[PDB]
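K.L.:
coordinates for the following, if possible.
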Amino acid sequence: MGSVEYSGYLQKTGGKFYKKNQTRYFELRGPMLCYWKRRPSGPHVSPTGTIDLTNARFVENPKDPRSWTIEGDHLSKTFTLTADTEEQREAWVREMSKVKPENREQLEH
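P.N.:
Residues are numbered from 1 along each chain as shown. Sure, the structure comes next:
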């Protein structure tokens, strides 16, 4: 797509060794997720990095409904995305489900 469908803040691991709980800006562009060290001056600004969430599965942590576990065939690695609110908890994944995939379907055999 390239356009933004949804954006907001999430909690994640961070600090030098990726251990500490830090807040970062996230921005959803179709099946692609962007994240930023800081808020951009505009959509033309490059993100810090992206995650391919095409046909990704999202499962709640049994100890923390707000902490999503993200895995899928197109995913470079397992991610954790922790919401701040109950509304975000649900909306986050829902918005990432409304979007259409861009990648070609794979053979599961």
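
K.L.:
any idea how far the residue most central in space within the chain lies from residue 22?
P.N.:
Relative to the mean C-alpha position of the chain, the nearest C-alpha, by C-alpha atoms, centre = their mean, is the one of residue 33, at 5.1 Å. Note on residue 33: its distance to residue 22, by C-beta to C-beta, to the nearest Å, is 17 Å. Bear in mind the C-beta positions are built from the backbone N, C-alpha and C, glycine included.

K.L.:
the helices in the protein, which residues?
P.N.:
Using DSSP state H, the helices of the chain run over residues 86-98.

K.L.:
quick one: buried residues of stretch 90-109?
P.N.:
Neighbour-count burial for stretch 90-109, counted by 16 or more other C-beta atoms under 10 Å, picks out 92, 93, 96, 99.

K.L.:
contacts only, for the residue nearest to residue 52 when sequence neighbours are not counted.
P.N.:
Of all residues not flanking residue 52 in the chain, residue 74 sits nearest, at 5.1 Å (C-beta to C-beta, 6 or more residues apart in numbering). Going by C-beta atoms under 8 Å, 6 or more residues apart in numbering, residue 74 touches 52, 53, 54, 55, 56, 103.

K.L.:
make it 10 Å
P.N.:
Each residue near residue 74 by C-beta atoms under 10 Å, 6 or more residues apart in numbering is listed here: 31, 51, 52, 53, 54, 55, 56, 101, 102, 103, 104, 106.

K.L.:
now residue 40
P.N.:
Applying C-beta under 10 Å, 6+ apart to residue 40 gives the contacts 25, 27, 34, 46, 47, 48.
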